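Read through the structure below, which is laid out as C-alpha cells, and then see the notes.
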Amino acid sequence: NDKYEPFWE
Amino acid sequence: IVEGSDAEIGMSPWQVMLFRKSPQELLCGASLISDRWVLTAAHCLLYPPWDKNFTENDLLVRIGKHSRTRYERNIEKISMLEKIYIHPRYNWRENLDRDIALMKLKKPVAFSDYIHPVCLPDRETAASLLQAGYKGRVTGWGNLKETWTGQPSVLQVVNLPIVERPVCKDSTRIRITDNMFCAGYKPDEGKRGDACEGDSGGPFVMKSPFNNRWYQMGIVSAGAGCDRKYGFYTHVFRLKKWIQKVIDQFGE
Amino acid sequence: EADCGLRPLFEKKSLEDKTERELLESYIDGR
Ligand SMILES: *[C@@H]1O[C@H](CO)[C@@H](O)[C@H](O)[C@H]1NC(C)=O
C-alpha cells in the first residue's frame, strides 16, 4: 500500500 | 519530478497538494495565488474519457507541506473547497488547450513561513521572461523514475528551460496552441529533469530580476515526465483575464 | 497579491536557495 498520516481539524 | 532534488524548507511556499479524500491519495499539484484562491490544471479534475469529474466534496487542499505522507501539524494547512471553476473552453477532447482551473477555498488561509501566495505575471514580465532558453522552476510530489508499471518522500524541485515554439511544435503530433508553451532539455543533452503526471496542476515559476519576486508563468499540463519529447505547460498570462474574471465575480 | 512572490525564509531574510541562480544565469548567461 501507501498510507498518508491521518490528519485534520 | 525526475532528476530533481529535495526542495528546501519553504522554498516553494505557494505549492499546494490536491488531496483525494477517498481513496486517500495525492491527486495533483496546485498553487496558492491568494488566501482564498488555488490554481491548478483542469485535467486533474475533469476528464470524461475516463469519467473523471471530481466535485468539491471529493477533494481537500493541503498547503505548506514538504513531506509527502506525514501530517505536518502546526505547519501545513488543510482547507475544504467552496467551489471549482474549470475554464469554459478547456479542450479535453483535443489537446488539453486551456488546461486550467480555479478553486475557491471555504475559508481564507493565513500565511506563514511555509504558506505564501505566488505572483501572476503582467504583460511585460511575460514578455521579458518567456523566452526560449530562459529557465523556470517546477515542483511537485509526482513520481521519480519512468513508470515501470517511484514516489518521493518530500517535495521535489527542478529547473527547466523554455523550448522554442517551432522545436516544440516539431516534437509532437499534438496541436500546441498559443495558450501553452514547452519546457525541457534536448533528448541528446542527456541532461534530463522533468515533471511527471503526479506533478500536473503544479506551478512553473520564474524569478523576476526586476523585483526579486517569483511569478507563475505556467501550470504543469502534461510533463514529458516519467516517459520514454518536452513537457507542456498552460500559459498563465495568456489566460490571465479569465482568472481575474472568476476571482472578481466570485470571491469576497 | 501585493506581497506575492516573496518567500519568508528566503527573499525576506535576504537568503537564496541552492538553485535559483541557475535561473538568473539563464536570463543573462553565466560564464
Ligand atoms: C460533473 O458532475 C456534476 C455533479 O454531479 C454535474 O452537475 C456535471 O454535469 C458534471 N460535469 C461534467 C460537465 O461532466
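Lettering and numbering for the C-alpha cells are positional, with chains as A, B, ... in the shown order, residues counted from 1 in each chain, and ligands counted from 1 in the shown order.
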### Task
Compute the set of protein, DNA and RNA residues whose minimum atom distance to ligand 1 is at most 7 Å, using only C-alpha atoms and all ligand atoms, and state it as number ranges by chain.
B: 48, 53-55
Can I get the residues of chain A within 7 Å of chain B, each with the closest pair of atoms and their distance in Å to one decimal, using only C-alpha atoms, sorted chain first then ascending number, as a Markdown table?
| residue | atom | partner | partner_atom | distance |
| --- | --- | --- | --- | --- |
| A:4 | CA | B:69 | CA | 4.5 |
| A:5 | CA | B:70 | CA | 5.0 |
| A:6 | CA | B:71 | CA | 6.6 |
| A:7 | CA | B:71 | CA | 5.7 |
| A:8 | CA | B:78 | CA | 6.7 |
So that I can see what lies close to segment 19-29 of chain C, please list as a PDB file with C-alpha atoms, in the first residue's frame the residues with an atom at most 12 Å from it, counting only C-alpha atoms and leaving out residues fewer than 4 positions away in the same chain.
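Saved as part_16.pdb:
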ATOM      1  CA  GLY B   4      15.321  17.000  -9.424  1.00  0.00           C
ATOM      2  CA  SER B   5      16.030  17.136  -5.706  1.00  0.00           C
ATOM      3  CA  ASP B   6      14.525  17.693  -2.272  1.00  0.00           C
ATOM      4  CA  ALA B   7      13.149  21.205  -2.005  1.00  0.00           C
ATOM      5  CA  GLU B   8      14.452  23.297   0.875  1.00  0.00           C
ATOM      6  CA  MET B  11      11.471  27.067  -0.939  1.00  0.00           C
ATOM      7  CA  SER B  12       8.058  26.880  -2.650  1.00  0.00           C
ATOM      8  CA  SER B 128      10.726  39.696 -20.570  1.00  0.00           C
ATOM      9  CA  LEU B 129      10.857  36.169 -19.175  1.00  0.00           C
ATOM     10  CA  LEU B 130       9.021  33.942 -21.641  1.00  0.00           C
ATOM     11  CA  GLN B 131      11.963  33.460 -23.998  1.00  0.00           C
ATOM     12  CA  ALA B 132      13.491  30.239 -25.308  1.00  0.00           C
ATOM     13  CA  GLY B 133      16.379  29.114 -23.132  1.00  0.00           C
ATOM     14  CA  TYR B 134      15.332  31.094 -20.043  1.00  0.00           C
ATOM     15  CA  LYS B 135      14.594  28.738 -17.140  1.00  0.00           C
ATOM     16  CA  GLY B 136      11.594  28.335 -14.871  1.00  0.00           C
ATOM     17  CA  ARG B 137      11.142  26.039 -11.875  1.00  0.00           C
ATOM     18  CA  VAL B 138       8.803  23.108 -11.307  1.00  0.00           C
ATOM     19  CA  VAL B 157      12.146  20.747  -7.307  1.00  0.00           C
ATOM     20  CA  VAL B 158      13.861  21.002 -10.713  1.00  0.00           C
ATOM     21  CA  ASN B 159      14.746  23.788 -13.189  1.00  0.00           C
ATOM     22  CA  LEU B 160      13.955  23.583 -16.902  1.00  0.00           C
ATOM     23  CA  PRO B 161      14.485  25.838 -19.943  1.00  0.00           C
ATOM     24  CA  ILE B 162      11.637  27.037 -22.182  1.00  0.00           C
ATOM     25  CA  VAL B 205       7.735  29.605 -11.629  1.00  0.00           C
ATOM     26  CA  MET B 206      10.257  32.244 -12.647  1.00  0.00           C
ATOM     27  CA  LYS B 207      12.097  34.742 -10.506  1.00  0.00           C
ATOM     28  CA  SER B 208      11.994  38.277 -11.871  1.00  0.00           C
ATOM     29  CA  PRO B 209      15.331  40.141 -11.791  1.00  0.00           C
ATOM     30  CA  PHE B 210      13.331  43.366 -11.885  1.00  0.00           C
ATOM     31  CA  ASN B 212      13.132  39.754  -6.988  1.00  0.00           C
ATOM     32  CA  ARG B 213       9.667  38.151  -6.982  1.00  0.00           C
ATOM     33  CA  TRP B 214       8.504  34.713  -8.106  1.00  0.00           C
TER      34      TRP B 214
ATOM     35  CA  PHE C  10      14.358  33.416   1.564  1.00  0.00           C
ATOM     36  CA  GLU C  11      13.752  36.766  -0.175  1.00  0.00           C
ATOM     37  CA  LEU C  15      18.698  34.329   1.754  1.00  0.00           C
TER      38      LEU C  15
END
### Task
Would you list, as a PyMOL selection string, the residues of chain C that end up in helix (DSSP H, G or I) under DSSP run on this structure's backbone?
chain C and resi 11-13+20-28
Just N, CA, C and O atoms for this one: save the residues we selected as an mmCIF file, in the first residue's frame.
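The resulting again_3.cif:
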data_model
loop_
_atom_site.group_PDB
_atom_site.id
_atom_site.type_symbol
_atom_site.label_atom_id
_atom_site.label_comp_id
_atom_site.auth_asym_id
_atom_site.auth_seq_id
_atom_site.Cartn_x
_atom_site.Cartn_y
_atom_site.Cartn_z
ATOM 1 N N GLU C 11 13.656 35.363 0.231
ATOM 2 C CA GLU C 11 13.752 36.766 -0.175
ATOM 3 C C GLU C 11 13.664 37.702 1.026
ATOM 4 O O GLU C 11 14.430 38.657 1.128
ATOM 5 N N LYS C 12 12.739 37.430 1.941
ATOM 6 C CA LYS C 12 12.563 38.304 3.098
ATOM 7 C C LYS C 12 13.677 38.270 4.133
ATOM 8 O O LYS C 12 13.825 39.205 4.919
ATOM 9 N N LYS C 13 14.458 37.197 4.133
ATOM 10 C CA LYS C 13 15.571 37.065 5.065
ATOM 11 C C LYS C 13 16.843 37.388 4.304
ATOM 12 O O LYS C 13 17.943 37.325 4.846
ATOM 13 N N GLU C 20 18.359 28.857 -7.340
ATOM 14 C CA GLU C 20 17.736 29.975 -8.030
ATOM 15 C C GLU C 20 18.690 30.704 -8.955
ATOM 16 O O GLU C 20 18.256 31.369 -9.906
ATOM 17 N N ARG C 21 19.987 30.590 -8.693
ATOM 18 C CA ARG C 21 20.953 31.259 -9.546
ATOM 19 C C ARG C 21 21.007 30.614 -10.924
ATOM 20 O O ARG C 21 21.350 31.267 -11.913
ATOM 21 N N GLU C 22 20.675 29.327 -10.994
ATOM 22 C CA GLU C 22 20.682 28.651 -12.278
ATOM 23 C C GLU C 22 19.721 29.404 -13.172
ATOM 24 O O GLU C 22 19.968 29.579 -14.361
ATOM 25 N N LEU C 23 18.626 29.858 -12.569
ATOM 26 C CA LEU C 23 17.585 30.605 -13.264
ATOM 27 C C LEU C 23 18.094 31.938 -13.794
ATOM 28 O O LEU C 23 18.002 32.227 -14.991
ATOM 29 N N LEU C 24 18.634 32.748 -12.893
ATOM 30 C CA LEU C 24 19.167 34.052 -13.263
ATOM 31 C C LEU C 24 20.254 33.924 -14.338
ATOM 32 O O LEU C 24 20.338 34.751 -15.246
ATOM 33 N N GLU C 25 21.083 32.892 -14.237
ATOM 34 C CA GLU C 25 22.136 32.706 -15.222
ATOM 35 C C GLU C 25 21.546 32.388 -16.590
ATOM 36 O O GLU C 25 22.184 32.630 -17.611
ATOM 37 N N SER C 26 20.328 31.851 -16.617
ATOM 38 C CA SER C 26 19.716 31.514 -17.892
ATOM 39 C C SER C 26 19.190 32.751 -18.596
ATOM 40 O O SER C 26 19.090 32.759 -19.821
ATOM 41 N N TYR C 27 18.862 33.793 -17.832
ATOM 42 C CA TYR C 27 18.332 35.035 -18.415
ATOM 43 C C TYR C 27 19.454 35.928 -18.926
ATOM 44 O O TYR C 27 19.243 36.767 -19.795
ATOM 45 N N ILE C 28 20.647 35.737 -18.376
ATOM 46 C CA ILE C 28 21.825 36.527 -18.742
ATOM 47 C C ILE C 28 22.863 35.722 -19.554
ATOM 48 O O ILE C 28 23.304 36.120 -20.631
#
### Message
What parts of segment 47-115 of chain B does DSSP call strand (DSSP E)? I'd like the answer as a VMD selection string.
### Response
chain B and resid 47 52 to 53 59 to 63 77 to 86 101 to 105
I need the contact residues of chain C against chain B, so if you could list those with any atom within 7 Å, counting only C-alpha atoms, and return them as a short mmCIF file (atom, residue, chain, number, x, y, z; two decimals) with N, CA, C and O atoms, in the first residue's frame, that would help.
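Written output follows (iface26.cif):
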data_model
loop_
_atom_site.label_atom_id
_atom_site.label_comp_id
_atom_site.auth_asym_id
_atom_site.auth_seq_id
_atom_site.Cartn_x
_atom_site.Cartn_y
_atom_site.Cartn_z
N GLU C 1 -1.53 38.39 -3.40
CA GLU C 1 -1.31 39.69 -4.10
C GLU C 1 -0.60 40.71 -3.21
O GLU C 1 -0.56 40.57 -1.99
N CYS C 4 2.84 39.03 -2.85
CA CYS C 4 3.10 37.80 -3.59
C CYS C 4 4.54 37.64 -4.09
O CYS C 4 5.23 38.61 -4.34
N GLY C 5 4.96 36.38 -4.23
CA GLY C 5 6.28 36.08 -4.77
C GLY C 5 7.52 36.30 -3.93
O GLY C 5 8.64 36.11 -4.42
N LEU C 6 7.35 36.70 -2.67
CA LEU C 6 8.49 36.94 -1.79
C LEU C 6 8.45 35.90 -0.66
O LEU C 6 7.58 35.94 0.22
N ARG C 7 9.38 34.95 -0.70
CA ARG C 7 9.45 33.88 0.28
C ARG C 7 9.99 34.33 1.62
O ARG C 7 11.07 34.91 1.71
N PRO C 8 9.23 34.07 2.69
CA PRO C 8 9.61 34.45 4.05
C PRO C 8 10.97 33.94 4.49
O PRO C 8 11.77 34.69 5.05
N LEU C 9 11.27 32.67 4.22
CA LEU C 9 12.55 32.12 4.63
C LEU C 9 13.64 32.36 3.59
O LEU C 9 14.73 31.81 3.71
N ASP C 17 18.11 30.25 -2.30
CA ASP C 17 18.07 28.80 -2.26
C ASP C 17 19.19 28.29 -3.16
O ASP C 17 19.71 29.03 -3.99
N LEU C 23 18.63 29.86 -12.57
CA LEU C 23 17.58 30.61 -13.26
C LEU C 23 18.09 31.94 -13.79
O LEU C 23 18.00 32.23 -14.99
N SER C 26 20.33 31.85 -16.62
CA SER C 26 19.72 31.51 -17.89
C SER C 26 19.19 32.75 -18.60
O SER C 26 19.09 32.76 -19.82
N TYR C 27 18.86 33.79 -17.83
CA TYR C 27 18.33 35.03 -18.42
C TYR C 27 19.45 35.93 -18.93
O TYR C 27 19.24 36.77 -19.79
#
#### Entry: d(atom CA of residue 27 of chain B, atom CA of residue 93 of chain B) in Å
20.9 Å
### Task
Between atom CA of residue 238 of chain B and atom CA of residue 186 of chain B, measure the distance and give it in Å to one decimal.
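Interatomic distance here is 25.5 Å.
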